[PDB]
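**Student:** Just coords_30.pdb, nothing more (PDB, C-alpha atoms):
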```pdb
ATOM      1  CA  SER A   2       8.460  -1.882  12.964  1.00  0.00           C
ATOM      2  CA  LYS A   3      11.790  -1.158  11.255  1.00  0.00           C
ATOM      3  CA  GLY A   4      10.349  -1.684   7.762  1.00  0.00           C
ATOM      4  CA  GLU A   5      11.118   1.904   6.756  1.00  0.00           C
ATOM      5  CA  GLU A   6      14.871   1.207   7.008  1.00  0.00           C
ATOM      6  CA  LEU A   7      14.604  -1.212   4.052  1.00  0.00           C
ATOM      7  CA  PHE A   8      13.954   1.673   1.669  1.00  0.00           C
ATOM      8  CA  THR A   9      17.117   3.797   1.801  1.00  0.00           C
ATOM      9  CA  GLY A  10      18.711   4.362  -1.567  1.00  0.00           C
ATOM     10  CA  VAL A  11      17.183   3.045  -4.778  1.00  0.00           C
ATOM     11  CA  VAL A  12      15.383  -0.301  -4.453  1.00  0.00           C
ATOM     12  CA  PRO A  13      14.724  -2.676  -7.399  1.00  0.00           C
ATOM     13  CA  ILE A  14      11.089  -3.497  -8.250  1.00  0.00           C
ATOM     14  CA  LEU A  15       9.454  -6.432 -10.071  1.00  0.00           C
ATOM     15  CA  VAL A  16       5.762  -6.341 -11.096  1.00  0.00           C
ATOM     16  CA  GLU A  17       3.894  -9.398 -12.413  1.00  0.00           C
ATOM     17  CA  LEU A  18       0.251  -9.239 -13.548  1.00  0.00           C
ATOM     18  CA  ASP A  19      -2.031 -11.938 -14.959  1.00  0.00           C
ATOM     19  CA  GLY A  20      -5.364 -10.667 -16.291  1.00  0.00           C
ATOM     20  CA  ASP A  21      -8.615 -11.889 -17.841  1.00  0.00           C
ATOM     21  CA  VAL A  22     -11.039  -9.251 -19.166  1.00  0.00           C
ATOM     22  CA  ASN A  23     -14.203 -10.645 -20.826  1.00  0.00           C
ATOM     23  CA  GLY A  24     -12.243 -13.830 -21.548  1.00  0.00           C
ATOM     24  CA  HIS A  25      -9.284 -12.007 -23.161  1.00  0.00           C
ATOM     25  CA  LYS A  26      -6.308 -13.301 -21.172  1.00  0.00           C
ATOM     26  CA  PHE A  27      -3.016 -11.412 -20.888  1.00  0.00           C
ATOM     27  CA  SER A  28       0.141 -11.073 -18.800  1.00  0.00           C
ATOM     28  CA  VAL A  29       2.306  -8.037 -17.997  1.00  0.00           C
ATOM     29  CA  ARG A  30       5.834  -7.924 -16.565  1.00  0.00           C
ATOM     30  CA  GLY A  31       7.370  -4.697 -15.274  1.00  0.00           C
ATOM     31  CA  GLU A  32      10.770  -3.800 -13.867  1.00  0.00           C
ATOM     32  CA  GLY A  33      12.332  -0.655 -12.494  1.00  0.00           C
ATOM     33  CA  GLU A  34      13.322   1.080  -9.304  1.00  0.00           C
ATOM     34  CA  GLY A  35      11.920   3.096  -6.442  1.00  0.00           C
ATOM     35  CA  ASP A  36      13.449   5.937  -4.430  1.00  0.00           C
ATOM     36  CA  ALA A  37      11.207   6.356  -1.404  1.00  0.00           C
ATOM     37  CA  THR A  38      13.221   9.278  -0.002  1.00  0.00           C
ATOM     38  CA  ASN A  39      12.106  11.285  -3.051  1.00  0.00           C
ATOM     39  CA  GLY A  40       8.834   9.424  -3.728  1.00  0.00           C
ATOM     40  CA  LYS A  41      10.094   8.634  -7.237  1.00  0.00           C
ATOM     41  CA  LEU A  42       9.162   5.549  -9.293  1.00  0.00           C
ATOM     42  CA  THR A  43      10.577   4.602 -12.708  1.00  0.00           C
ATOM     43  CA  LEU A  44       9.333   1.415 -14.409  1.00  0.00           C
ATOM     44  CA  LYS A  45       8.901  -0.161 -17.833  1.00  0.00           C
ATOM     45  CA  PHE A  46       6.105  -2.676 -18.468  1.00  0.00           C
ATOM     46  CA  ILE A  47       5.839  -5.248 -21.302  1.00  0.00           C
ATOM     47  CA  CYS A  48       2.841  -7.298 -22.432  1.00  0.00           C
ATOM     48  CA  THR A  49       4.254 -10.839 -22.635  1.00  0.00           C
ATOM     49  CA  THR A  50       1.208 -12.216 -24.511  1.00  0.00           C
ATOM     50  CA  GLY A  51       1.367  -9.980 -27.609  1.00  0.00           C
ATOM     51  CA  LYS A  52      -1.103  -7.083 -27.778  1.00  0.00           C
ATOM     52  CA  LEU A  53      -2.567  -5.802 -24.528  1.00  0.00           C
ATOM     53  CA  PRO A  54      -6.378  -6.083 -24.867  1.00  0.00           C
ATOM     54  CA  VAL A  55      -7.086  -3.006 -22.690  1.00  0.00           C
ATOM     55  CA  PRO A  56      -5.513   0.473 -22.757  1.00  0.00           C
ATOM     56  CA  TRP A  57      -2.284   0.818 -20.774  1.00  0.00           C
ATOM     57  CA  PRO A  58      -3.618   3.800 -18.742  1.00  0.00           C
ATOM     58  CA  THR A  59      -6.347   1.594 -17.229  1.00  0.00           C
ATOM     59  CA  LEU A  60      -3.695  -0.592 -15.533  1.00  0.00           C
ATOM     60  CA  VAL A  61      -1.445   2.154 -14.024  1.00  0.00           C
ATOM     61  CA  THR A  62      -3.052   2.082 -10.541  1.00  0.00           C
ATOM     62  CA  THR A  63      -3.001  -1.747 -10.442  1.00  0.00           C
ATOM     63  CA  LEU A  64       0.629  -2.054 -11.583  1.00  0.00           C
ATOM     64  CA  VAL A  68       3.634  -0.023  -4.845  1.00  0.00           C
ATOM     65  CA  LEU A  69       2.605   2.687  -2.406  1.00  0.00           C
ATOM     66  CA  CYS A  70       5.451   1.758  -0.027  1.00  0.00           C
ATOM     67  CA  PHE A  71       7.577   4.077  -2.214  1.00  0.00           C
ATOM     68  CA  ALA A  72       5.561   7.189  -1.287  1.00  0.00           C
ATOM     69  CA  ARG A  73       7.527  10.047   0.256  1.00  0.00           C
ATOM     70  CA  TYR A  74       6.240  10.442   3.815  1.00  0.00           C
ATOM     71  CA  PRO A  75       7.619  13.669   5.332  1.00  0.00           C
ATOM     72  CA  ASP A  76       9.532  13.241   8.561  1.00  0.00           C
ATOM     73  CA  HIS A  77       6.622  14.413  10.726  1.00  0.00           C
ATOM     74  CA  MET A  78       4.210  11.930   9.109  1.00  0.00           C
ATOM     75  CA  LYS A  79       6.543   8.925   9.460  1.00  0.00           C
ATOM     76  CA  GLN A  80       4.184   7.480  12.093  1.00  0.00           C
ATOM     77  CA  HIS A  81       1.395   7.189   9.486  1.00  0.00           C
ATOM     78  CA  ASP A  82       3.281   5.115   6.871  1.00  0.00           C
ATOM     79  CA  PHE A  83       1.392   1.816   7.023  1.00  0.00           C
ATOM     80  CA  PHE A  84       2.894   0.609   3.742  1.00  0.00           C
ATOM     81  CA  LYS A  85       6.540   0.508   4.846  1.00  0.00           C
ATOM     82  CA  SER A  86       5.676  -0.664   8.353  1.00  0.00           C
ATOM     83  CA  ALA A  87       4.247  -3.921   6.981  1.00  0.00           C
ATOM     84  CA  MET A  88       7.599  -4.774   5.315  1.00  0.00           C
ATOM     85  CA  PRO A  89       9.363  -7.061   4.661  1.00  0.00           C
ATOM     86  CA  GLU A  90       6.508  -9.588   5.058  1.00  0.00           C
ATOM     87  CA  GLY A  91       4.284  -7.182   3.139  1.00  0.00           C
ATOM     88  CA  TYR A  92       0.592  -6.566   2.536  1.00  0.00           C
ATOM     89  CA  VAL A  93      -2.371  -7.652   0.406  1.00  0.00           C
ATOM     90  CA  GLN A  94      -3.874  -4.893  -1.787  1.00  0.00           C
ATOM     91  CA  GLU A  95      -7.388  -5.464  -3.188  1.00  0.00           C
ATOM     92  CA  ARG A  96      -9.412  -3.171  -5.460  1.00  0.00           C
ATOM     93  CA  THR A  97     -12.670  -2.863  -7.342  1.00  0.00           C
ATOM     94  CA  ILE A  98     -12.316  -0.433 -10.269  1.00  0.00           C
ATOM     95  CA  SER A  99     -15.657   0.544 -11.836  1.00  0.00           C
ATOM     96  CA  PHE A 100     -15.604   2.203 -15.267  1.00  0.00           C
ATOM     97  CA  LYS A 101     -18.656   4.425 -15.675  1.00  0.00           C
ATOM     98  CA  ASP A 102     -21.109   3.063 -18.288  1.00  0.00           C
ATOM     99  CA  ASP A 103     -18.838   0.044 -18.801  1.00  0.00           C
ATOM    100  CA  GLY A 104     -17.399  -2.936 -16.915  1.00  0.00           C
ATOM    101  CA  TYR A 105     -15.276  -3.310 -13.784  1.00  0.00           C
ATOM    102  CA  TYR A 106     -11.912  -4.770 -12.689  1.00  0.00           C
ATOM    103  CA  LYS A 107     -11.437  -6.878  -9.543  1.00  0.00           C
ATOM    104  CA  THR A 108      -7.807  -7.081  -8.389  1.00  0.00           C
ATOM    105  CA  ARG A 109      -5.854  -8.907  -5.663  1.00  0.00           C
ATOM    106  CA  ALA A 110      -2.118  -8.272  -5.187  1.00  0.00           C
ATOM    107  CA  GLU A 111       0.630  -9.198  -2.732  1.00  0.00           C
ATOM    108  CA  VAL A 112       3.377  -6.581  -2.187  1.00  0.00           C
ATOM    109  CA  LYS A 113       6.465  -7.869  -0.347  1.00  0.00           C
ATOM    110  CA  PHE A 114      10.236  -8.222  -0.432  1.00  0.00           C
ATOM    111  CA  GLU A 115      11.830 -11.208  -2.141  1.00  0.00           C
ATOM    112  CA  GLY A 116      15.450 -10.735  -1.169  1.00  0.00           C
ATOM    113  CA  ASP A 117      16.332  -7.099  -1.810  1.00  0.00           C
ATOM    114  CA  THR A 118      13.636  -6.771  -4.535  1.00  0.00           C
ATOM    115  CA  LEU A 119      10.203  -5.252  -3.851  1.00  0.00           C
ATOM    116  CA  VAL A 120       7.710  -7.457  -5.728  1.00  0.00           C
ATOM    117  CA  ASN A 121       4.082  -6.685  -6.688  1.00  0.00           C
ATOM    118  CA  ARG A 122       2.253  -9.846  -7.863  1.00  0.00           C
ATOM    119  CA  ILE A 123      -1.303  -9.244  -9.153  1.00  0.00           C
ATOM    120  CA  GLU A 124      -4.334 -11.202 -10.390  1.00  0.00           C
ATOM    121  CA  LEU A 125      -6.963  -9.171 -12.298  1.00  0.00           C
ATOM    122  CA  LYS A 126     -10.430 -10.146 -13.547  1.00  0.00           C
ATOM    123  CA  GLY A 127     -12.548  -7.855 -15.725  1.00  0.00           C
ATOM    124  CA  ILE A 128     -16.305  -8.277 -16.015  1.00  0.00           C
ATOM    125  CA  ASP A 129     -19.188  -6.844 -18.101  1.00  0.00           C
ATOM    126  CA  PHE A 130     -17.154  -4.767 -20.575  1.00  0.00           C
ATOM    127  CA  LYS A 131     -18.603  -3.519 -23.856  1.00  0.00           C
ATOM    128  CA  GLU A 132     -16.658  -4.981 -26.793  1.00  0.00           C
ATOM    129  CA  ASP A 133     -16.852  -1.620 -28.593  1.00  0.00           C
ATOM    130  CA  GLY A 134     -16.640   0.619 -25.503  1.00  0.00           C
ATOM    131  CA  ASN A 135     -13.782   2.882 -24.473  1.00  0.00           C
ATOM    132  CA  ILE A 136     -11.758   0.061 -22.870  1.00  0.00           C
ATOM    133  CA  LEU A 137     -11.998  -2.992 -25.132  1.00  0.00           C
ATOM    134  CA  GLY A 138     -12.368  -0.621 -28.091  1.00  0.00           C
ATOM    135  CA  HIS A 139      -9.070   1.155 -27.261  1.00  0.00           C
ATOM    136  CA  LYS A 140     -10.524   4.692 -27.299  1.00  0.00           C
ATOM    137  CA  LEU A 141      -8.472   6.179 -24.417  1.00  0.00           C
ATOM    138  CA  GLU A 142      -5.623   8.624 -25.008  1.00  0.00           C
ATOM    139  CA  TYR A 143      -2.114   7.531 -23.998  1.00  0.00           C
ATOM    140  CA  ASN A 144      -1.659   9.946 -21.103  1.00  0.00           C
ATOM    141  CA  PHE A 145      -2.477  10.278 -17.418  1.00  0.00           C
ATOM    142  CA  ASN A 146      -3.582  13.013 -15.019  1.00  0.00           C
ATOM    143  CA  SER A 147      -2.320  14.000 -11.571  1.00  0.00           C
ATOM    144  CA  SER A 148      -4.507  12.637  -8.770  1.00  0.00           C
ATOM    145  CA  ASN A 149      -5.164  12.700  -4.997  1.00  0.00           C
ATOM    146  CA  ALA A 150      -6.331   9.736  -2.888  1.00  0.00           C
ATOM    147  CA  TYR A 151      -7.599   9.923   0.703  1.00  0.00           C
ATOM    148  CA  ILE A 152      -6.199   7.156   2.947  1.00  0.00           C
ATOM    149  CA  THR A 153      -8.118   6.090   6.060  1.00  0.00           C
ATOM    150  CA  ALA A 154      -7.410   3.549   8.779  1.00  0.00           C
ATOM    151  CA  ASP A 155      -9.279   0.228   8.911  1.00  0.00           C
ATOM    152  CA  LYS A 156      -8.452  -0.640  12.517  1.00  0.00           C
ATOM    153  CA  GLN A 157     -10.451  -3.870  12.665  1.00  0.00           C
ATOM    154  CA  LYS A 158      -8.492  -5.337   9.729  1.00  0.00           C
ATOM    155  CA  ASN A 159      -5.202  -3.843  11.000  1.00  0.00           C
ATOM    156  CA  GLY A 160      -4.919  -2.089   7.632  1.00  0.00           C
ATOM    157  CA  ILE A 161      -6.056   0.859   5.483  1.00  0.00           C
ATOM    158  CA  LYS A 162      -8.752   1.636   2.923  1.00  0.00           C
ATOM    159  CA  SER A 163      -9.370   4.271   0.263  1.00  0.00           C
ATOM    160  CA  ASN A 164     -12.001   5.395  -2.240  1.00  0.00           C
ATOM    161  CA  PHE A 165     -10.736   7.653  -5.019  1.00  0.00           C
ATOM    162  CA  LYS A 166     -11.452   8.697  -8.615  1.00  0.00           C
ATOM    163  CA  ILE A 167      -9.244   8.452 -11.717  1.00  0.00           C
ATOM    164  CA  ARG A 168     -10.140  10.301 -14.935  1.00  0.00           C
ATOM    165  CA  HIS A 169      -8.971   8.933 -18.301  1.00  0.00           C
ATOM    166  CA  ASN A 170      -9.015  11.278 -21.287  1.00  0.00           C
ATOM    167  CA  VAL A 171     -10.993   9.817 -24.233  1.00  0.00           C
ATOM    168  CA  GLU A 172     -10.080  10.311 -27.903  1.00  0.00           C
ATOM    169  CA  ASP A 173     -13.377  12.144 -28.594  1.00  0.00           C
ATOM    170  CA  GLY A 174     -12.656  14.781 -25.913  1.00  0.00           C
ATOM    171  CA  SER A 175     -14.888  13.219 -23.229  1.00  0.00           C
ATOM    172  CA  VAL A 176     -13.599  11.814 -19.920  1.00  0.00           C
ATOM    173  CA  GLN A 177     -13.867   8.189 -18.710  1.00  0.00           C
ATOM    174  CA  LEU A 178     -14.326   7.851 -14.955  1.00  0.00           C
ATOM    175  CA  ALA A 179     -12.759   4.910 -13.097  1.00  0.00           C
ATOM    176  CA  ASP A 180     -14.039   4.737  -9.500  1.00  0.00           C
ATOM    177  CA  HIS A 181     -11.492   2.985  -7.222  1.00  0.00           C
ATOM    178  CA  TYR A 182     -12.320   1.079  -4.015  1.00  0.00           C
ATOM    179  CA  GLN A 183      -9.200  -0.124  -2.148  1.00  0.00           C
ATOM    180  CA  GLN A 184      -8.420  -2.211   0.950  1.00  0.00           C
ATOM    181  CA  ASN A 185      -4.979  -3.221   2.294  1.00  0.00           C
ATOM    182  CA  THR A 186      -4.205  -5.769   5.042  1.00  0.00           C
ATOM    183  CA  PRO A 187      -0.808  -6.930   6.363  1.00  0.00           C
ATOM    184  CA  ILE A 188       0.521 -10.378   5.480  1.00  0.00           C
ATOM    185  CA  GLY A 189       2.544 -10.801   8.678  1.00  0.00           C
ATOM    186  CA  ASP A 190       1.464 -10.840  12.311  1.00  0.00           C
ATOM    187  CA  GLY A 191       3.964  -8.248  13.534  1.00  0.00           C
ATOM    188  CA  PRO A 192       3.031  -4.709  14.522  1.00  0.00           C
ATOM    189  CA  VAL A 193       2.132  -2.145  11.867  1.00  0.00           C
ATOM    190  CA  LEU A 194       1.509   1.590  11.852  1.00  0.00           C
ATOM    191  CA  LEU A 195      -2.141   2.619  11.591  1.00  0.00           C
ATOM    192  CA  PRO A 196      -2.381   6.176  10.208  1.00  0.00           C
ATOM    193  CA  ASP A 197      -4.506   9.182  10.808  1.00  0.00           C
ATOM    194  CA  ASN A 198      -6.474  10.142   7.706  1.00  0.00           C
ATOM    195  CA  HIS A 199      -4.273  11.789   5.057  1.00  0.00           C
ATOM    196  CA  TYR A 200      -3.713  12.240   1.315  1.00  0.00           C
ATOM    197  CA  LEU A 201      -1.366  10.682  -1.208  1.00  0.00           C
ATOM    198  CA  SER A 202      -0.653  12.962  -4.183  1.00  0.00           C
ATOM    199  CA  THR A 203       0.542  11.352  -7.425  1.00  0.00           C
ATOM    200  CA  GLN A 204       2.140  12.960 -10.497  1.00  0.00           C
ATOM    201  CA  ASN A 205       2.332  10.805 -13.618  1.00  0.00           C
ATOM    202  CA  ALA A 206       4.168  10.808 -16.948  1.00  0.00           C
ATOM    203  CA  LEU A 207       3.720   8.083 -19.585  1.00  0.00           C
ATOM    204  CA  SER A 208       6.065   7.535 -22.536  1.00  0.00           C
ATOM    205  CA  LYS A 209       7.338   5.001 -25.073  1.00  0.00           C
ATOM    206  CA  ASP A 210      10.779   3.487 -25.639  1.00  0.00           C
ATOM    207  CA  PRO A 211      11.648   4.262 -29.296  1.00  0.00           C
ATOM    208  CA  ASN A 212      13.569   0.982 -29.729  1.00  0.00           C
ATOM    209  CA  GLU A 213      10.946  -1.289 -28.133  1.00  0.00           C
ATOM    210  CA  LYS A 214       9.010  -3.496 -30.551  1.00  0.00           C
ATOM    211  CA  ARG A 215       6.862  -5.099 -27.842  1.00  0.00           C
ATOM    212  CA  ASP A 216       3.618  -3.578 -26.573  1.00  0.00           C
ATOM    213  CA  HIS A 217       4.835  -1.595 -23.581  1.00  0.00           C
ATOM    214  CA  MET A 218       4.492   1.371 -21.226  1.00  0.00           C
ATOM    215  CA  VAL A 219       7.272   3.509 -19.695  1.00  0.00           C
ATOM    216  CA  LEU A 220       6.143   5.200 -16.477  1.00  0.00           C
ATOM    217  CA  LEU A 221       7.554   7.952 -14.242  1.00  0.00           C
ATOM    218  CA  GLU A 222       5.702   8.714 -10.994  1.00  0.00           C
ATOM    219  CA  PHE A 223       6.124  10.977  -7.979  1.00  0.00           C
ATOM    220  CA  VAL A 224       4.074  10.060  -4.887  1.00  0.00           C
ATOM    221  CA  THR A 225       3.967  12.311  -1.815  1.00  0.00           C
ATOM    222  CA  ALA A 226       2.039  12.040   1.422  1.00  0.00           C
ATOM    223  CA  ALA A 227       0.452  15.225   2.723  1.00  0.00           C
ATOM    224  CA  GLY A 228      -2.472  15.012   5.134  1.00  0.00           C
TER     225      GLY A 228
END
```
Can I see the file as structure tokens?
**Tutor:**
Amino acid sequence: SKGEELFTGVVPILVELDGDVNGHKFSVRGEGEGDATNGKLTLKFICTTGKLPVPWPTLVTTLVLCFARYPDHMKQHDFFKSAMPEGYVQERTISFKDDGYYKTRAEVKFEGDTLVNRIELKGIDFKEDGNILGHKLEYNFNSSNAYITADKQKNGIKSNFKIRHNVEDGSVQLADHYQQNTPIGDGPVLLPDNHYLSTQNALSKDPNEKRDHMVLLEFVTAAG
């Protein structure tokens, strides 16, 4: 595949999410850009249905791993770009310890020159006064590492990894992630040896933005 050639320079990104957590419905729209040569993502997300009913940090992993920096000698293990432009499906189960869980299904693909991530999310079994629906998580985010493995029978990849969310009382909220990715097209894709993606994260706010929102900077680097 020549999918990697689609990512030179700085590529525009559109993210669309529709969610339902314990019957609280919401939508999020995000826009920004990705620089895969440097593994750098910059995006701003808005809640288009008023107040987001969950904490912004809990949606970071759901809201484009094709922008990871794969070093030149690991180029043969970059499944995510190889599936482009037709793209891939990305599915997760995210289990919050002592609380509920998210189920997500997304399609990541090019629409013209824009890389688009379109997601449906359903949240189940949350406590109304827990850390999520009670908005008890700090507005920040930790660095993390995720182990990527091949799923040869599905012509895709899978991953299990942990995310830790700081809580306002000084405790930590664990979010266990299960992930599977499968290509949308029927063309050839790259199936990788096992390796790591390393993510660095910085969350902020736009001082002139009245809407409920999240500004995100990310660096993502492959290093098996």
**Student:** With only C-alpha atoms counted, which protein, DNA or RNA residues have an atom no more than 8 Å from (4.0, 12.8, -10.8) in the file frame? Please answer as a PyMOL selection string.
**Tutor:** chain A and resi 147+203-206+221-224
**Student:** Restricting the calculation to only C-alpha atoms, which member of A:32, A:90, A:190, A:21 is positioned closest to residue 217 (chain A)?
**Tutor:**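 So, comparing all the options, the nearest one is A:32.
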**Student:** Can you measure CA of residue 55 (chain A) to CA of residue 202 (chain A) for me? One decimal in Å is fine.
**Tutor:** 25.3 Å
**Student:** Take the PyMOL selection byres ((chain A and resi 209) around 10), run it mentally on this structure, and tell me the resulting residues as a list in words.
**Tutor:**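 So the PyMOL selection byres ((chain A and resi 209) around 10), applied here, picks out residues 45, 143, 207, 208, 210, 211, 212, 213, 216, 217, 218, 219 and 220 of chain A.
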**Student:** Given the file shown, determine the residues that the PyMOL selection byres ((chain A and resi 68) around 10) selects; report them as a list in words.
**Tutor:**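 That expression, the PyMOL selection byres ((chain A and resi 68) around 10), corresponds here to residues 14, 16, 35, 42, 62, 63, 64, 69, 70, 71, 72, 84, 94, 111, 112, 113, 119, 120 and 121 of chain A.
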**Student:** Those residues you just picked out, can you put them in a file as a PDB file, keeping the file's coordinate frame with C-alpha atoms?
**Tutor:**
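Now in out10.pdb:
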```
ATOM      1  CA  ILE A  14      11.089  -3.497  -8.250  1.00  0.00           C
ATOM      2  CA  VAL A  16       5.762  -6.341 -11.096  1.00  0.00           C
ATOM      3  CA  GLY A  35      11.920   3.096  -6.442  1.00  0.00           C
ATOM      4  CA  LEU A  42       9.162   5.549  -9.293  1.00  0.00           C
ATOM      5  CA  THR A  62      -3.052   2.082 -10.541  1.00  0.00           C
ATOM      6  CA  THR A  63      -3.001  -1.747 -10.442  1.00  0.00           C
ATOM      7  CA  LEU A  64       0.629  -2.054 -11.583  1.00  0.00           C
ATOM      8  CA  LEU A  69       2.605   2.687  -2.406  1.00  0.00           C
ATOM      9  CA  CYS A  70       5.451   1.758  -0.027  1.00  0.00           C
ATOM     10  CA  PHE A  71       7.577   4.077  -2.214  1.00  0.00           C
ATOM     11  CA  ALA A  72       5.561   7.189  -1.287  1.00  0.00           C
ATOM     12  CA  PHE A  84       2.894   0.609   3.742  1.00  0.00           C
ATOM     13  CA  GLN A  94      -3.874  -4.893  -1.787  1.00  0.00           C
ATOM     14  CA  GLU A 111       0.630  -9.198  -2.732  1.00  0.00           C
ATOM     15  CA  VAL A 112       3.377  -6.581  -2.187  1.00  0.00           C
ATOM     16  CA  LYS A 113       6.465  -7.869  -0.347  1.00  0.00           C
ATOM     17  CA  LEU A 119      10.203  -5.252  -3.851  1.00  0.00           C
ATOM     18  CA  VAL A 120       7.710  -7.457  -5.728  1.00  0.00           C
ATOM     19  CA  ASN A 121       4.082  -6.685  -6.688  1.00  0.00           C
TER      20      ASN A 121
END
```
**Student:** If the PyMOL selection byres ((chain A and resi 9) around 10) were run on this exact file, what residues would it hold? Put them as a compact mmCIF listing (two decimals) with C-alpha atoms, keeping the file's coordinate frame.
**Tutor:**
```txt
# COMPACT_ATOMS: atom_id res chain seq x y z
CA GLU A 5 11.12 1.90 6.76
CA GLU A 6 14.87 1.21 7.01
CA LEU A 7 14.60 -1.21 4.05
CA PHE A 8 13.95 1.67 1.67
CA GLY A 10 18.71 4.36 -1.57
CA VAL A 11 17.18 3.04 -4.78
CA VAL A 12 15.38 -0.30 -4.45
CA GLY A 35 11.92 3.10 -6.44
CA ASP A 36 13.45 5.94 -4.43
CA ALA A 37 11.21 6.36 -1.40
CA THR A 38 13.22 9.28 0.00
```
**Student:** What is the CA of residue 126 (chain A)-CA of residue 152 (chain A) distance in Å, reported with one decimal?
**Tutor:**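 It comes out at 24.3 Å.
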**Student:** Name all residues at most 12 Å from region 97-110 of chain A (count all atoms listed in the file; drop same-chain ones fewer than 6 positions away) and give them as a ChimeraX atom specification.
**Tutor:** /A:16-23,55,59-64,68,91,120-138,162-169,176-188
**Student:** So the first atom is CA of residue 200 (chain A) and the second is CA of residue 86 (chain A); what is the distance between them in Å, to one decimal place?
**Tutor:**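 Result for CA of residue 200 (chain A) versus CA of residue 86 (chain A): 17.4 Å, one decimal.
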**Student:** Between A:48, A:141, A:227, A:201, which has the minimum distance to residue 171 (chain A) (counting all atoms listed in the file)?
**Tutor:**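 Selected residue with least distance to residue 171 (chain A): A:141.
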**Student:** Restricting the calculation to all atoms listed in the file, which member of A:15, A:226, A:47, A:195 is positioned closest to residue 118 (chain A)?
**Tutor:** A:15
**Student:** Go through A:51, A:174, A:160, A:40 and flag the residue nearest residue 28 (chain A), using only C-alpha atoms for the distances.
**Tutor:**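 Looking at the shortest contact to residue 28 (chain A), the residue is A:51.
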**Student:** Taking only C-alpha atoms into account, which of A:87, A:215, A:95, A:82 comes nearest residue 198 (chain A)?
**Tutor:**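 Smallest separation from residue 198 (chain A) among the options: A:82.
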